[PDB]
$ cat coords.txt   # compact mmCIF, C-alpha atoms and all ligand atoms
# COMPACT_ATOMS: atom_id res chain seq x y z
CA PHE A 1 -129.81 -150.42 -43.62
CA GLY A 2 -127.04 -152.89 -42.83
CA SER A 3 -127.80 -156.34 -44.24
CA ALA A 4 -129.43 -157.98 -47.22
CA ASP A 5 -132.13 -159.14 -44.87
CA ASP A 6 -133.74 -155.93 -43.55
CA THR A 7 -133.23 -154.38 -46.94
CA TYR A 8 -135.03 -157.15 -48.85
CA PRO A 9 -138.69 -156.11 -48.28
CA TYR A 10 -137.91 -152.72 -49.86
CA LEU A 11 -136.80 -154.62 -52.95
CA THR A 12 -139.83 -156.96 -53.08
CA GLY A 13 -141.88 -153.82 -52.62
CA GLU A 14 -143.48 -155.53 -49.64
CA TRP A 15 -142.46 -152.86 -47.11
CA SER A 16 -145.29 -150.51 -48.16
CA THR A 17 -147.78 -153.20 -47.21
CA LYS A 18 -147.54 -152.60 -43.45
CA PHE A 19 -149.27 -149.27 -44.25
CA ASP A 20 -152.14 -150.67 -46.37
CA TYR A 21 -150.48 -149.49 -49.60
CA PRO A 22 -149.94 -151.38 -52.87
CA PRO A 23 -146.54 -153.09 -53.21
CA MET A 24 -143.97 -150.34 -53.73
CA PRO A 25 -140.63 -151.80 -55.03
CA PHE A 26 -137.21 -150.04 -55.08
CA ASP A 27 -134.29 -150.12 -57.53
CA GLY A 28 -131.30 -150.11 -55.19
CA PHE A 29 -129.95 -149.37 -51.74
CA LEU A 30 -127.15 -147.27 -50.21
CA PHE A 31 -125.25 -148.19 -47.05
CA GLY A 32 -123.53 -145.36 -45.24
CA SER A 33 -123.03 -146.43 -41.68
CA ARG A 34 -122.80 -150.18 -42.27
CA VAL A 35 -119.45 -149.78 -44.07
CA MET A 36 -117.61 -147.61 -41.47
CA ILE A 37 -116.03 -150.67 -39.89
CA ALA A 38 -114.84 -152.37 -43.11
CA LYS A 39 -111.22 -153.55 -43.16
CA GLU A 40 -110.43 -150.89 -45.74
CA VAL A 41 -111.93 -147.65 -44.37
CA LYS A 42 -109.40 -145.41 -42.62
CA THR A 43 -111.49 -145.39 -39.43
CA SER A 44 -109.01 -145.78 -36.57
CA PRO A 45 -108.74 -149.05 -34.56
CA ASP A 46 -110.23 -147.66 -31.34
CA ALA A 47 -112.86 -145.87 -33.41
CA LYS A 48 -114.07 -149.02 -35.21
CA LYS A 49 -114.26 -150.66 -31.78
CA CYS A 50 -116.34 -147.68 -30.58
CA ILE A 51 -118.74 -147.85 -33.56
CA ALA A 52 -119.46 -151.56 -33.26
CA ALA A 53 -120.33 -151.58 -29.57
CA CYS A 54 -123.09 -149.08 -30.25
CA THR A 55 -126.35 -150.92 -29.83
CA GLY A 56 -128.62 -149.76 -32.61
CA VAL A 57 -132.27 -148.83 -32.27
CA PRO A 58 -135.32 -149.68 -34.45
CA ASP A 59 -136.91 -146.99 -36.66
CA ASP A 60 -139.43 -147.37 -33.83
CA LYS A 61 -137.27 -145.10 -31.63
CA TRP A 62 -134.76 -143.03 -33.61
CA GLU A 63 -136.55 -139.78 -32.71
CA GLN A 64 -134.86 -139.96 -29.30
CA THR A 65 -131.49 -138.95 -30.74
CA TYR A 66 -132.77 -135.39 -30.41
CA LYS A 67 -132.83 -135.68 -26.61
CA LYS A 68 -130.99 -138.60 -24.97
CA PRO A 69 -128.24 -140.82 -26.27
CA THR A 70 -130.14 -143.54 -28.09
CA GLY A 71 -128.30 -146.72 -28.95
CA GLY A 72 -125.11 -144.81 -28.19
CA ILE A 73 -125.88 -141.78 -30.80
CA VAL A 74 -126.99 -138.18 -30.32
CA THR A 75 -127.75 -135.33 -32.67
CA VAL A 76 -125.69 -132.19 -32.27
CA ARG A 77 -125.69 -129.00 -34.33
CA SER A 78 -122.90 -127.84 -36.65
CA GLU A 79 -121.47 -124.33 -36.61
CA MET A 80 -124.26 -123.49 -39.06
CA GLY A 81 -127.08 -124.91 -36.90
CA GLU A 82 -128.02 -127.92 -39.04
CA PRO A 83 -128.47 -131.27 -37.22
CA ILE A 84 -125.61 -133.82 -37.19
CA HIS A 85 -125.79 -137.47 -36.12
CA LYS A 86 -122.75 -138.28 -33.99
CA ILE A 87 -121.50 -141.13 -31.82
CA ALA A 88 -122.19 -139.93 -28.28
CA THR A 89 -118.61 -139.64 -27.00
CA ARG A 90 -117.58 -137.38 -24.13
CA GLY A 91 -116.36 -134.64 -26.47
CA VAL A 92 -119.57 -134.85 -28.49
CA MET A 93 -121.69 -134.53 -25.34
CA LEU A 94 -119.70 -131.49 -24.25
CA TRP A 95 -120.25 -130.09 -27.73
CA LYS A 96 -123.94 -130.83 -27.14
CA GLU A 97 -123.94 -129.17 -23.73
CA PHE A 98 -122.24 -126.04 -25.08
CA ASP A 99 -124.75 -126.31 -27.91
CA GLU A 100 -127.48 -125.97 -25.29
CA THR A 101 -125.79 -123.52 -22.89
CA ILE A 102 -123.19 -121.23 -24.45
CA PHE A 103 -123.80 -121.24 -28.22
CA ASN A 104 -127.50 -121.21 -27.43
CA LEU A 105 -127.42 -117.64 -26.04
CA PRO A 106 -127.93 -114.33 -27.92
CA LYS A 107 -124.70 -112.77 -29.23
CA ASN A 108 -125.29 -110.21 -26.48
CA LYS A 109 -125.06 -112.73 -23.64
CA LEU A 110 -122.12 -114.60 -25.16
CA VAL A 111 -119.00 -112.98 -23.72
CA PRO A 112 -120.39 -112.58 -20.16
CA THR A 113 -121.51 -116.24 -19.97
CA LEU A 114 -118.06 -117.30 -21.20
CA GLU A 115 -116.26 -115.34 -18.49
CA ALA A 116 -118.59 -116.63 -15.77
CA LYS A 117 -117.74 -120.16 -16.87
CA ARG A 118 -114.15 -119.67 -18.00
CA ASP A 119 -112.83 -122.08 -15.36
CA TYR A 120 -115.44 -124.74 -16.12
CA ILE A 121 -115.26 -124.34 -19.92
CA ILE A 122 -111.44 -124.47 -19.83
CA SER A 123 -111.59 -127.60 -17.65
CA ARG A 124 -114.09 -129.54 -19.73
CA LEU A 125 -112.01 -128.83 -22.83
CA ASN A 126 -108.94 -130.31 -21.19
CA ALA A 127 -110.84 -133.40 -20.07
CA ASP A 128 -113.30 -134.49 -22.76
CA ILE B 1 -115.67 -121.29 -34.64
CA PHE B 2 -112.67 -122.38 -32.55
CA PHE B 3 -114.56 -125.33 -31.10
CA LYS B 4 -116.34 -126.84 -34.10
CA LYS B 5 -113.83 -125.94 -36.82
CA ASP B 6 -112.20 -128.75 -38.80
CA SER B 7 -113.31 -131.54 -36.46
CA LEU B 8 -113.89 -134.64 -38.60
CA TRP B 9 -110.35 -135.93 -39.09
CA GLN B 10 -109.61 -137.27 -35.61
CA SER B 11 -111.72 -140.40 -36.21
CA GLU B 12 -108.93 -141.52 -38.50
CA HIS B 13 -105.83 -140.23 -36.69
CA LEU B 14 -106.14 -140.69 -32.94
CA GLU B 15 -102.33 -140.65 -32.76
CA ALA B 16 -102.71 -136.87 -32.83
CA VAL B 17 -105.60 -136.67 -30.34
CA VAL B 18 -104.74 -135.58 -26.78
CA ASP B 19 -104.04 -139.12 -25.69
CA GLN B 20 -105.63 -141.16 -28.44
CA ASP B 21 -108.89 -140.91 -26.52
CA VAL B 22 -111.66 -141.75 -29.00
CA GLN B 23 -114.04 -140.45 -26.34
CA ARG B 24 -112.87 -136.93 -27.26
CA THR B 25 -113.78 -137.40 -30.89
CA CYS B 26 -116.45 -136.67 -33.51
CA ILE B 27 -117.48 -139.97 -35.05
CA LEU B 28 -120.69 -139.89 -37.45
CA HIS B 29 -123.20 -142.75 -37.45
CA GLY B 30 -126.91 -143.55 -37.80
CA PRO B 31 -129.04 -144.82 -34.92
CA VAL B 32 -130.87 -147.47 -36.97
CA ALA B 33 -127.95 -148.72 -39.06
CA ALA B 34 -125.98 -148.96 -35.78
CA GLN B 35 -127.64 -152.23 -34.81
CA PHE B 36 -126.54 -153.85 -38.06
CA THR B 37 -122.97 -152.61 -37.53
CA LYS B 38 -121.26 -155.30 -35.51
CA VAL B 39 -118.60 -157.29 -37.37
CA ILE B 40 -115.35 -155.33 -36.95
CA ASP B 41 -112.69 -155.01 -39.66
CA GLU B 42 -114.68 -157.14 -42.13
CA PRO B 43 -113.46 -156.73 -45.76
CA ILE B 44 -115.71 -154.39 -47.72
CA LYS B 45 -115.92 -156.91 -50.57
CA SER B 46 -117.56 -159.21 -48.01
CA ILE B 47 -120.12 -156.69 -46.72
CA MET B 48 -121.34 -155.74 -50.17
CA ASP B 49 -121.25 -159.30 -51.50
CA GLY B 50 -123.01 -160.39 -48.30
CA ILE B 51 -125.91 -158.15 -49.24
CA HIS B 52 -126.11 -159.02 -52.97
CA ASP B 53 -125.59 -162.70 -52.36
CA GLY B 54 -128.29 -162.75 -49.68
CA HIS B 55 -130.73 -160.96 -51.96
CA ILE B 56 -129.98 -163.47 -54.65
CA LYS B 57 -130.97 -166.48 -52.47
CA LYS B 58 -134.22 -165.00 -51.19
CA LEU B 59 -135.03 -164.05 -54.76
CA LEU B 60 -134.14 -167.50 -56.10
CA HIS B 61 -136.33 -169.21 -53.52
CA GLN B 62 -139.38 -166.98 -53.90
CA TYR B 63 -139.61 -166.59 -57.69
CA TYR B 64 -137.23 -169.18 -59.20
CA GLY B 65 -137.89 -172.36 -57.26
CA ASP B 66 -134.25 -172.51 -56.13
CA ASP B 67 -133.38 -173.71 -59.64
CA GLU B 68 -130.58 -171.52 -61.01
CA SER B 69 -131.38 -172.97 -64.45
CA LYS B 70 -134.53 -170.85 -64.37
CA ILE B 71 -132.49 -167.63 -64.34
CA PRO B 72 -132.45 -166.21 -67.88
CA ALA B 73 -129.03 -165.31 -69.19
CA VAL B 74 -127.39 -162.81 -71.50
CA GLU B 75 -123.93 -162.16 -73.06
CA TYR B 76 -122.94 -159.17 -70.91
CA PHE B 77 -125.01 -157.43 -68.23
CA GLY B 78 -125.91 -153.75 -68.24
CA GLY B 79 -125.97 -150.72 -70.51
CA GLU B 80 -129.76 -150.30 -70.46
CA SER B 81 -130.95 -146.71 -70.03
CA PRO B 82 -134.18 -146.49 -67.92
CA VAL B 83 -135.72 -145.53 -71.21
CA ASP B 84 -130.75 -162.80 -90.84
CA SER B 85 -129.15 -160.86 -93.72
CA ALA B 86 -130.29 -157.52 -95.14
CA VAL B 87 -129.33 -154.16 -96.57
CA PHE B 88 -130.01 -150.74 -95.10
CA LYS B 89 -129.59 -147.87 -97.52
CA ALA B 90 -129.32 -144.52 -95.74
CA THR B 91 -130.71 -141.07 -96.58
CA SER B 92 -130.97 -137.59 -95.11
CA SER B 93 -134.22 -138.61 -93.46
CA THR B 94 -133.18 -141.82 -91.69
CA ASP B 95 -133.71 -141.69 -87.93
CA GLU B 96 -130.38 -142.07 -86.14
CA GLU B 97 -131.78 -143.99 -83.17
CA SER B 98 -133.71 -146.40 -85.40
CA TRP B 99 -130.73 -146.90 -87.71
CA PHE B 100 -128.32 -148.01 -84.97
CA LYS B 101 -130.83 -150.42 -83.45
CA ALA B 102 -130.88 -152.16 -86.81
CA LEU B 103 -127.11 -152.43 -87.19
CA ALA B 104 -127.03 -153.30 -83.48
CA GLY B 105 -129.02 -156.49 -83.79
CA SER B 106 -131.58 -157.75 -81.27
CA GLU B 107 -129.42 -160.45 -79.71
CA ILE B 108 -127.11 -159.06 -77.02
CA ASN B 109 -123.58 -159.72 -78.29
CA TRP B 110 -120.42 -158.10 -79.65
CA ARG B 111 -122.36 -156.50 -82.50
CA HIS B 112 -125.03 -155.17 -80.18
CA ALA B 113 -122.40 -153.37 -78.12
CA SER B 114 -120.48 -152.22 -81.19
CA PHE B 115 -123.44 -150.07 -82.23
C1 LIG A 201 -119.37 -140.41 -41.12
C2 LIG A 201 -120.36 -140.01 -42.24
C3 LIG A 201 -119.90 -138.99 -43.34
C4 LIG A 201 -120.91 -138.57 -44.48
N1 LIG A 201 -120.47 -137.59 -45.54
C5 LIG A 201 -121.42 -137.19 -46.64
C6 LIG A 201 -120.99 -136.21 -47.74
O1 LIG A 201 -119.68 -135.65 -47.75
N2 LIG A 201 -121.98 -135.85 -48.80
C7 LIG A 201 -123.38 -136.45 -48.81
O2 LIG A 201 -124.31 -136.11 -49.80
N3 LIG A 201 -123.81 -137.43 -47.72
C8 LIG A 201 -122.85 -137.78 -46.66
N4 LIG A 201 -123.29 -138.76 -45.59
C9 LIG A 201 -124.65 -139.32 -45.68
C10 LIG A 201 -124.53 -140.77 -46.24
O3 LIG A 201 -123.92 -140.72 -47.51
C11 LIG A 201 -125.92 -141.43 -46.39
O4 LIG A 201 -126.84 -140.55 -47.00
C12 LIG A 201 -126.40 -141.83 -44.98
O5 LIG A 201 -125.25 -142.11 -44.20
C13 LIG A 201 -127.19 -143.15 -45.06
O6 LIG A 201 -127.69 -143.35 -43.77
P1 LIG A 201 -127.19 -144.67 -42.94
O7 LIG A 201 -125.64 -144.39 -42.47
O8 LIG A 201 -128.03 -144.85 -41.74
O9 LIG A 201 -127.26 -145.97 -43.96
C14 LIG A 201 -122.34 -139.17 -44.51
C15 LIG A 201 -122.80 -140.20 -43.40
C16 LIG A 201 -121.82 -140.61 -42.27
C17 LIG A 201 -122.30 -141.61 -41.20
$ encode --input "coords.txt" --output "structure tokens"
Amino acid sequence: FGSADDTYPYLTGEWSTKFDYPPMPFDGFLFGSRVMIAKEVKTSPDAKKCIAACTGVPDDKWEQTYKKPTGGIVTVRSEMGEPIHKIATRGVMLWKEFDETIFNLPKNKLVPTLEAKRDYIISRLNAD
Amino acid sequence: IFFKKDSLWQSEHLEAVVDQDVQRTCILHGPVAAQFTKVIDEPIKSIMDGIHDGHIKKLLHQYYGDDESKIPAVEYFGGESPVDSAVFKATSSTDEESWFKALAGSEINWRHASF
């Protein structure tokens, strides 16, 4: 959610109608992303600029975050392996690549794969 | 652990990132709410008010015939949990909840809140 407008049908209870269900009204709404640009969040200048310029995507196509960048946003896994929704910056996409290549591997294949990529790994750190 | 450790704080301090390159940085955001996020550096009071205010118009139109006179009113708003002259003598057995509702009054005012 981001505006009063898209949020309204969930207040009327009219949203649930698209699915042939009785009107199903809600009591309130929370806005997480929508506020990240506000004059008073500590989000850095260049970062607010980055956030805006992300084209969104309808609920129609959010599933694609799992694979490609989708509206400028990918999922990426934390150190613990739980999914995280991040802006698809260069660093984040490296993090995603390592997520798929290096961190992916069994703890047995770790140290060998690192050494065979040491030059590459060390380079991509320094760049992105 | 060296890679992913403590990696949320750069979004807010790019002066300490390699060369202030946001493109190196973890920023969190939703794919669907991203489309509604456009107006940079807009005061938070505005964003929130923008939503409430907009809900208020749509609501007025639909169920109030755009007449603000039709909106019922009350002294102060809130304090509701999701669930002319008299004398109350009190005993051991008097229900506390019932008792206060009496002294509270039905009209929402200073005496209602006082009890
Ligand atoms: C940058 C960022 C940091 C967040 N930190 C927390 C947190 O510390 N605890 C929590 O229960 N939810 C946290 N959330 C989840 C939001 O509070 C909320 O559930 C979600 O952002 C709403 O989705 P939306 O941004 O698409 O409106 C965070 C979301 C974002 C984008």
$ interface_residues --input "coords.txt" --of "chain A" --to "chain B" --cutoff "7 Å" --atoms "all atoms listed in the file" --output "ChimeraX atom specification"
/A:1-4,8,33-35,37-40,42-44,46-48,52,54-59,62,71,73,79,85-87,89-92,128
$ atom_distance --input "coords.txt" --atom1 "atom CA of residue A:74" --atom2 "atom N3 of ligand LIG 201 (chain A)"
17.7 Å
$ closest_residue --input "coords.txt" --among "A:13, A:76, A:97, A:29" --to "ligand LIG 201 (chain A)" --atoms "all atoms listed in the file"
A:29
$ atom_distance --input "coords.txt" --atom1 "atom CA of residue B:91" --atom2 "atom CA of residue B:103"
15.2 Å
$ atom_distance --input "coords.txt" --atom1 "atom CA of residue A:103" --atom2 "atom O3 of ligand LIG 201 (chain A)"
27.4 Å
$ closest_residue --input "coords.txt" --among "B:7, B:75, B:110, B:97" --to "ligand LIG 201 (chain A)" --atoms "only C-alpha atoms and all ligand atoms"
B:7
$ axis_aligned_box --input "coords.txt" --around "ligand LIG 201 (chain A)" --padding-each-side "3 Å" --output "AutoDock Vina command-line options"
--center_x -123.7 --center_y -140.8 --center_z -45.5 --size_x 14.7 --size_y 16.3 --size_z 14.7
$ closest_residue --input "coords.txt" --among "B:107, B:68, B:96, B:19" --to "residue B:84" --atoms "all atoms listed in the file"
B:107
$ closest_residue --input "coords.txt" --among "A:84, A:122, A:24, A:53" --to "ligand LIG 201 (chain A)" --atoms "all atoms listed in the file"
A:84
$ closest_residue --input "coords.txt" --among "A:49, A:30, A:75, A:7" --to "ligand LIG 201 (chain A)" --atoms "all atoms listed in the file"
A:30
$ closest_residue --input "coords.txt" --among "A:14, A:22, A:6, A:36" --to "ligand LIG 201 (chain A)" --atoms "all atoms listed in the file"
A:36
